[PDB]
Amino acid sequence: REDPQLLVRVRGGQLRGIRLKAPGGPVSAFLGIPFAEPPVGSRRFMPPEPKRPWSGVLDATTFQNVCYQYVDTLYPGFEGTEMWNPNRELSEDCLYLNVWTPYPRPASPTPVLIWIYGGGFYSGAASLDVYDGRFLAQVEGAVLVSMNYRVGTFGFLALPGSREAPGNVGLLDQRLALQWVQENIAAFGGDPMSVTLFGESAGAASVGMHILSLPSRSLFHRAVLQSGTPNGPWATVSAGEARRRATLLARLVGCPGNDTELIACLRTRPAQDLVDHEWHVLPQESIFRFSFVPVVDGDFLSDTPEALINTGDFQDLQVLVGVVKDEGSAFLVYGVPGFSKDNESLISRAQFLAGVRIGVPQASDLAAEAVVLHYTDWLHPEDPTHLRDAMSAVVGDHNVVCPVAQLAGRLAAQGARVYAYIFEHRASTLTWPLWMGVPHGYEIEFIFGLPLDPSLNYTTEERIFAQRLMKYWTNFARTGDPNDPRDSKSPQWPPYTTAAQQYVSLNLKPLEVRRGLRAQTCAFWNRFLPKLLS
């Protein structure tokens, strides 16, 4: 007979989980629990349907398939890229979620943290090493949930107004997993009335979209957005632009005239064919743009995220938001001429002006000259190191820092309690070059508590640092406040407000309170640049 602590029933049917080892002791894991009917065949591009009950004991001891997606090839064998690549078989049959709980399971209901991965809505998996829930579960006593959701065409290809491809199905997958937690998480000792969404990059943008979409609001109570927002230039597309891209992809794969016929033809296409042409539909040469993303349908998103944050009422809402020191750096090697991970990437002024057009593709001649003039150091306008770093900052500011600044300000102006951070610590184990600093994605391993595994080779200080961070995030999940109530002396993390614009540095040093989140530069992007795009 089996460990009595690993047998659990959901709506659902019977699950068998696995006792996993964490540094401080054991955790329970239920991996690869199906939450939808496999979205395959006639069902590609369609909203997810709830999983039908099964008979017997479903084995929930291993991660399940990763959703069909582009696999990164730019640097073969390189940990810097491979750590984000799929670590299970690619299949369209990928709608599974994972649960980590303390072992034995908690006696009284426990706060639930739901992770939503990033990958620009074209990639990602809940099964990646950096999303391992065992540490938060073992150390903080948290119930941690993560779901696979369809990406790329499978998740976001839309012919807006159609029945067969309405768009945003990837978000609907996420919503279904959240409904699943509501009905079922109490079986694992989680408290459905205390659910905090967190996510990074497109996951952050996803979390933000759940805040902005009414049918999702009853499904969670708090939200954390790491290095991503639902507003900004990459996280959504207009209905018209989504139609354009789906139509073009359709022709690239020999699918010519109503929507039914088109979509039917797309459905007969092999999954890999779609991935192989996914990238060809982008309107300009660009970086930090992705082909198939959330669409402003007038349904899931009733209006543009910009409009919904300017007019929304956010009184009952608590959000932790923030950014890493170098959001843009690692994007630069994916299409700006002159940039590489294998050299120092010192660029010329010409390579900088060309970079700007690629980093801000939307983005008239006048508008680009404004960006260049703003980011030039007029004391040393030809210095290749400053040019390199400005190119990085341009991409980081435009896509993450300033959309986050805008979000924090709007939410705080409209009733929300907002906490804001900038994460500035570079993992000792990073394999990206030094010049990239603290790239997009490299706080995640610290929030999840990876440094606690002695076999990963983080420094002792990093181990203590990760413990601090896990404490902030889960204090926030519990109470809506990252601070410790008992711990008087430790420096306080004040709320971000419009008046004082306070946020904290997260690094090896104790908390330092800073004011204004690149306030001057973000006034350029948020306030000015729109106006010379009229």
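Heads up: residue numbers just count along the shown sequence, starting at 1.
- Going from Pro76 to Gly77, the model skips none of the deposited residues; the chain is continuous there.
- The PDB entry reports B-factors from which the mean C-alpha value can be compared for 486-494 and 462-470; the larger average falls on 486-494.
- Note on 452-460 vs 283-291: mean CA B-factor is higher in 452-460.
- Across the residues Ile444, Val401, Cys255, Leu90, the deposited record lists the maximum Cα B factor for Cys255.
- You'll see in the entry that, of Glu164, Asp132, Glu200, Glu327, the Cα B factor peaks at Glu164.
- Ranked against the other modelled residues of its chain, the C-alpha B-factor of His440 as given in the entry falls in the lowest third.
- When all modelled residues of the chain are sorted by CA temperature factor, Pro50 is found within the middle third.
- When the modelled residues of the chain are ordered by their C-alpha B factor, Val395 lands in the lowest third.
- Placement of the Cα temperature factor of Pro34 within the chain: lowest third of the modelled residues, per the deposited record.
- Split the chain's modelled residues into thirds by C-alpha temperature factor. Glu183 is in the middle one.
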